[PDB]
């Protein structure tokens, strides 16, 4: 799929190449640093909500491994020749980001439903529909970006089908949050509403990066998309995880879990 993405179309100045490489490496570092944080604070989370913080560890490592894979594919595919980085081997594509989403998006969705205090029948059915919608969004998007060079019209059609799933997923997420925030302890009924708007903002950056080929088909666009991915990843995975943990700890403390009370 490397020859299908716009990355394969351009030579890169040293500055452009090193910046992209440094974004990807910086990203590996932020995720594995947060992995340790989530690992260590899980002992301060009541059993009720401990899976939520554990799911963040899974998200961090999954995202960190992909970003680490990308950084090495990026340096494997290009060589500095005659004053610019030129494609040598067909080994880089964003398609692996989409495979990190198939597995990480369910994890991110499930930790939200856990701290909303859903359980039993409703948790199982709500997650199934959220995961089906999210996989439909991702799959249709993955097919679309296969055409970001050869057929932009087709990228837009698949993007619109993907956006329909996205809208429906957000309608479910939003409805559940607003119908269940009253059950939330420790005043986290107020915090959960900020998480909803963080998700809305951070998750909507991905379709924007998706569209870069249509409005900035050049080497600066490749840099820009990677920049947006980096901001979207840190906000949708790292910051979102920090807030889910804070909600887990706070509710734990309000529920009589002493380590949480000790920690907070």
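We call the rigid core the largest set of C-alpha positions that still match within 1.5 Å between the two forms. Numbering follows the first chain given and starts at 1.
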Revision key, fill the gap. Returned stretch for higher CA RMS in 7 other deposited structures of this protein, core superposition, given 149 to 157 and 83 to 91, is 83 to 91
Study note, to complete from the structure: Of 23 to 31 vs 220 to 228, the stretch with the larger average CA B-factor in the entry is 23 to 31
Check your understanding: Between 111 to 119 and 165 to 173, which has the higher average C-alpha B-factor in the PDB entry?
Key -> 111 to 119
**Study point:** From 105, 146, 87, 138, residue of greatest CA B-factor
**Key:** 146
Exercise for review: Tell me, lowest, middle or highest third: where does the Cα B factor of residue 14 rank within its chain?
Suggested key: lowest
Study note, to complete from the structure: Chain-relative C-alpha B factor for residue 248 (record values, thirds): the lowest
Practice item. Please place residue 70 in the lowest, middle or highest third of its chain by C-alpha B factor as given in the entry. Key: middle
Exercise for review: Divide the modelled residues of the chain into thirds by Cα B-factor and specify which third, lowest, middle or highest, holds residue 48.
Suggested key: middle
Exercise for review: Please place residue 132 in the lowest, middle or highest third of its chain by C-alpha B factor as given in the entry.
Suggested key: lowest
